[PDB]
Amino acid sequence: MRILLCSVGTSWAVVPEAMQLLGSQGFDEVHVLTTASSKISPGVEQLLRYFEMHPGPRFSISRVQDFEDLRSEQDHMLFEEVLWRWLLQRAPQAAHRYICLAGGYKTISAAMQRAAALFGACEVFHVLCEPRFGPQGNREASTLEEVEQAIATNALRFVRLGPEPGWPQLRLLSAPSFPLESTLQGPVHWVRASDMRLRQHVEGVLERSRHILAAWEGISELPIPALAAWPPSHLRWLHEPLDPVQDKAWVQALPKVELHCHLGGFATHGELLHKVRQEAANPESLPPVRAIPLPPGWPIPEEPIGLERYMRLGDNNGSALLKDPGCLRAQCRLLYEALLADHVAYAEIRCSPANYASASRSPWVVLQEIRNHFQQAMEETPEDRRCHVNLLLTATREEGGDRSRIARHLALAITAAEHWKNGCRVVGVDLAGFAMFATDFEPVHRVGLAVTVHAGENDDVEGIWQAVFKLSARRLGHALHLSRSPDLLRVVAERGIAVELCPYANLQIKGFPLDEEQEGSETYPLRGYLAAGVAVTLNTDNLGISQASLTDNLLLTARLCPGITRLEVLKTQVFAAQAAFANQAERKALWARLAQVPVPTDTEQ
Amino acid sequence: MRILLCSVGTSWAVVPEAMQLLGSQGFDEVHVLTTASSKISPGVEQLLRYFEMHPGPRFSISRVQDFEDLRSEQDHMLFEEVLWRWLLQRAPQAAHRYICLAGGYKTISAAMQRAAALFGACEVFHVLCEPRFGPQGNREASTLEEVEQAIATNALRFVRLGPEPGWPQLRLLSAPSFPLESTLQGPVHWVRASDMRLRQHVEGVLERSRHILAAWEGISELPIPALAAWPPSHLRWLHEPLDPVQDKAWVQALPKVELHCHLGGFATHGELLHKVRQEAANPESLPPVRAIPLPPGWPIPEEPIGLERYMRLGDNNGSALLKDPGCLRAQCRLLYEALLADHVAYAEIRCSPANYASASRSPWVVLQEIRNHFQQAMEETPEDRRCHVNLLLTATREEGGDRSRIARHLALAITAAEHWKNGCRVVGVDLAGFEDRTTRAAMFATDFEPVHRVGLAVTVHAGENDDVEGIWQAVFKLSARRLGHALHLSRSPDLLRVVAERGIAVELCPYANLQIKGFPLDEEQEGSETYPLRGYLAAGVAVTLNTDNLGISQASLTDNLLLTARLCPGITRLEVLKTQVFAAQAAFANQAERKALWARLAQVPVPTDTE
Ligand SMILES: Nc1ncnc2c1ncn2[C@@H]1O[C@H](COP(=O)(O)OP(=O)(O)OP(=O)(O)O)[C@@H](O)[C@H]1O
Ligand SMILES: Nc1ncnc2c1ncn2[C@@H]1O[C@H](COP(=O)(O)OP(=O)(O)OP(=O)(O)O)[C@@H](O)[C@H]1O
Ligand SMILES: [Zn+2]
Ligand SMILES: [Zn+2]
């Protein structure tokens, strides 16, 4: 099929000249666009007469209803939009599209050529006729007889511009999406354009394409491929040092990934604890709220408080309260609600069912209660904002305690792994007790559960070594002293063993220099880990005891580690996403969620 | 800095009027684009007089030497080429590029606009003149006095087409790269186009950009991010099944990766064996070349021959010959040549230095000689074709309990790991850990504790019947980071998931597996005994394709790759590329070697057919 589209100005003979472009083969369909000016009407009648005879191919004539003459740029946009829609409707297939720029204003020809290039056409040409017509033999043919004489005299010279590929994202635009109004009055189609949507869409597509092309070169220093579409100015802003104050709003909206969160350390004090206590099912076994004053300077302690004091800080919650089913469900729902506030797109809550199991509530019942509460809280949230939650069972050894709880927790995890396969699942076991525990963990690996190793109040480099190799771990928690063995900072980096760093937890437990101008020997080891290839993440540890969320941790990473580029923050998020204990469906959903990185709003300095 | 570029035609009053778009501001310099037609010479003289009587900003006139008048399309392409080059020479920066396209023909203005959009322009504007001039008071300005009175009377209604930001790969071009030759004739510069290299440059840039944008949506599915510049037809081609017959050349052209290539079976038979033998430093000490008839149909046996027989096929070479330094050097040089002839961008040759020791030659000396031979071979090759080769030491689990060689190999590996830090290096060990319920993978007994202690890697050789227990004992007790011939992995649905999650690569050898275990060939669908390549790939495992023993298997890396299309029905080309990328990513290289390998991998050879 061949459809020929041309615009006619003051001369109507252009269409007949182009009619014989390919010769006797002809064009199956011909469409002509013309202005509404009265001076064009005589040409319209002449062309109607010329079309009645030579009635071989189908014919139709289109006039721009709202355009008469070129007077300014507004009519410019008007006829540009009208021409775009007219060509879209009349030539749905680019391969069958032939266009001639002889007719219309010079700007009309330029705009039509631009439209062809942007949307594609089979061929573009301009028809020039010998001016051996009319009186004195010095004018172009302007009558039916003159046009016919020109056609049979081989006097038409065709300037074929060759194929025009079109544009990738704009080769599919169709008239139905951007319909054009046509009013029929005789044999002439009167065309009017409703809105400017198409031009705005084209401009946006072109701007996005140019941004993508500009950023295409460095497609490996961007953690997320979707960052390519970002404007070059935004990308340059991205690599600058992270400012803890001006970036609070942006870092608030990042879809984050929380991999180290304790369920028992969420509402240890404050209004959250009061809510948990009020939602209790049996408001008679609740222990008195013990007074546990916070250290001065909280949440930024003046000096470290050691691990033991840190744990003792949250003594109003946990096992000594969560044994009431109402309190447990209230705690779970409040934790999920707090997760939804920071736009956390994925989390792995760490819970210990045994600490909450009573005589009449076996640990399996408590774990099922928690899992189903979380599955509920997920199911009352739209998937476009849902925060998937997977559970980790903390199997912590007791200093002088009983291994019976460890057996309880390993068996519970092994059973929960197989029981559930959709929604909130049990992904792995956390070892908040690491020393070797080798044969105690052979069953866990045999069924394929992940294991994370929880380092706490420690300064040893053999614990980190035996975690990696004896009880094969896939994530190390709080391993702040790992460069002290240059042999292991090269196996953790080569085996992809993620290191979960908690800024506030590690600062409050131990304390590090803050907002230092230059890195020294006491600064936070985050950047040293990053530059060595380590998959270092950032988390919150205990949301309650630490008294701050993931956003605060990411923001204070700047003060703790000087000169950290927010691109490093995105790298940490991607590392967490790659380190999570997800499966194909959850992993794909998480990755689709991460691609929506919020745009900056103060990239002007 | 503000500049103006405009072509001129039969109406010479166009450039003067256009020069007042900024009005009283003026422009730093305006250049005139002109053709060789003689109908515009009076206009050129009028413009020269106007410039002389209106001094200040620099002025120039350029006439198209080869374009006298518009007759055919060739003049049009020449005009566009001249426009592009002249704009580059006079408008290297688009921030000061202002365009007025009043002059010329209809196609001249369209070419002006296309060039402006392609290379960007700060302002593109057109001039409309109110007809009030001439003797009849109806024509437009055509003389110097008419131009001046039109300017003063304000008969100009300029139109601004908007800014042209440009094109990312075409806004950085500089004039000197594509110089413009011009002949001076008084005040008018006579430009000339040396060639149309610029047009081809622009066309290539636009085509590559179109390919990038078309395949952009879905770059996460491309094994190599550099494939986004491939034509969409080629991207469709990649997603089709592989063909063993037509795809010989394309596979031969891939920059591949080798990870399972034993040095003791490279020249076990034939011309290579003779080349090795005649290189011995002690020709009279060479063991007699025995008779080792190959089974019929080799390298495609009509029935499986067994691991014992397969191993025995390599008697002519190995410990029999390689004790001689000359034979060792010949082996190394020929192996490197065989690698280069197959376009391998990274290899890990596993040797057994202790097996080649003598009374006067300690295992360390043999290892040093091998490493230095490979380093020399690497040094003489241009860096574009240099196949970075690392070494893996083999701790064979020979029956009987002999641990002298195993201990020696582990100690030698721990020593070489630090002795060398550039070029060819020792990167790990490849514990065989045989099957017979007495060695398995629990042979650890602290034997492999030191190798882990120093940061070395381990790669097991799951034998000819390990049965899921070996593949677990090795993964979870030896901390193996690769597994060889893990063909029964599908048995336990838990191992096929632990391997996928932990990212443990699986090394497969199509030809060796076919010749030893035997598999259905040329099948239409996938049955119980179908080769597990596609099964492993589906589950997410990181499967890699290698050669095992070059000499014994008598098939190079390309032969192994093409045999998958016969072993695994429906295997596609994109999956071959995915296997190459997995092999590259699962190798024991460091940052420098990995970066070189990744730079070498991006150069995928374009298909010869496309359909
Ligand atoms: N920040 C922390 N780092 C390491 N271990 C912690 C931390 N906070 C608590 N733990 C220990 O981890 C295990 C689980 O703690 P969780 O936060 O779930 O509270 P819990 O067990 O209910 O608290 P409690 O110590 O008051 O009985 C317990 O052994 C707890 O002592
Ligand atoms: N496909 C294979 N499967 C298992 N073991 C193998 C295989 N190929 C070689 N081996 C064993 O691994 C080692 C191979 O190393 P290499 O060939 O360099 O030494 P070699 O002593 O010269 O070998 P060979 O006995 O083959 O001549 C030898 O122990 C060989 O027995
Ligand atoms: Zn913790
Ligand atoms: Zn092997």
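Assorted remarks:
- Tensor-based shape of region A:404-541 (alpha-carbon gyration tensor, a/c under 1.5 rounded, otherwise prolate or oblate): prolate
- Summarising the amide proton neighbourhood of B:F133: residues at separation of 5 or more, or on other chains, whose placed amide H is nearer than 5 Å comprise B:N138, B:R139, B:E140.
- Per principal axis, descending, Cα span of the protein assembly as shown in whole Å: 114, 96, 61
- The mean number of Cβ atoms from other chains found within 10 Å of a Cβ in peptide B:69-76 is 2, as a whole number.
- Cα gyration tensor category, rounded, prolate or oblate, for region A:109-169 with a/c compared to 1.5: prolate
- Entry note, chain B: relative contact order of 12 percent, from Cα contacts under 8 Å with a spacing of 6+ residues.
- Dipole in debye (nearest 20) - chain A, about Cα centre, beta carbon charges: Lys, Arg +1; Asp, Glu -1: 1360 debye
- Only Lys, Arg (+1) and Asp, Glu (-1) charged, at Cβ; the protein assembly as shown dipole about Cα centre in debye: 560 debye
- B:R63 long-range amide H proximity, modeled H, under 5 Å: B:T34, B:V191
- Seen against the Cα atoms of chain B and their longest principal axis, helix B:144-153 is set at about 90 degrees.
- Kirkwood hydrodynamic radius over Cα pairs of chain A, then Stokes diffusion coefficient at 10 °C and 1.306 mPa s, in µm²/s: 54 µm²/s
- Left without a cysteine partner by the 4.7 Å Cβ rule in chain B: B:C122, B:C129, B:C261, B:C327, B:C332, B:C351, B:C387, B:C424, B:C509, B:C568.
- Signed unit charges on C-beta, dipole axis of chain B, positive-most listed residue B:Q200, B:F519, B:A432: B:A432
- Label sites at B:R139 and A:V289, each approximated as a point 7 angstrom past Cα along Cα to Cβ, lie 9.8 nm apart.
- Taking other C-beta atoms within 10 Å as the exposure proxy, A:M53, B:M112 rank A:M53, B:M112 from fewest upward.
- In this label model, A:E181 and B:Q375 are separated by 8.3 nm, measuring between points 7 Å along each Cα→Cβ vector.
- The C-alpha atoms of chain B define a longest principal axis, and helix B:41-53 lies at about 80 degrees to it.
- Rounded FRET efficiency, nearest 0.05, which uses the C-beta distance separating A:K588 from B:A538 and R0 of 25 Å: 0.95
- For B:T439, distant residues with modelled amide H under 5 Å away: none
- Per-residue average of Cβ from other chains inside 10 Å of B:213-226: 3
- Options B:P231, B:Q246, B:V191, ranked by Cα towards positive dipole end of region B:155-261, top entry (Cβ charges): B:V191
- Taking the Cα centre of region B:10-131 as origin and assigning +1 to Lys and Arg Cβ atoms and -1 to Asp and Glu Cβ atoms, the resulting dipole is close to 120 debye.
- Only Cα pairs under 8 Å and 6+ residues apart enter the sum, and on that basis the relative contact order of region A:500-574 stands at 43 percent.
- Charge dipole of the protein assembly as shown about the Cα centre (unit charges at C-beta), most positive-ward option of B:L563, A:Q368, B:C122: A:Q368
- Rg to Rh, two decimals, where region A:501-574 supplies the alpha carbon set and Rh follows Kirkwood: 0.93
- Label-to-label distance, A:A407 versus B:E523, with points set 7 angstrom from Cα along the beta-carbon direction: 4.6 nm.
- For region B:239-348, the alpha-carbon radius of gyration amounts to 1.26 times the rule-of-thumb value 2.2 N^0.38 Å expected for a compact globular protein.
- Contour minus Cα-Cα distance for A:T10 and A:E383 (0.36 nm per residue): 128.4 nm
- Orientation-averaged projection of region A:382-435 equals 4.7 nm² [convex hull of Cα atoms, one quarter of hull surface area].
- Angle between chain B longest axis and helix B:573-585 axis [Cα atoms, degrees, rounded to 10]: 70 degrees
- For peptides A:85-98, A:148-161, sequence by mean Cβ density within 10 Å, most packed first: A:85-98, A:148-161
- Cβ-derived FRET efficiency at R0 60 Å, B:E240 paired with A:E73, nearest 0.05: 0.75
The numbers here are math on the coordinates, done by the rules we state, and not lab data. Reconstructed Cβ throughout: ideal geometry from the backbone, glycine too, with neighbour counts over all protein chains shown.
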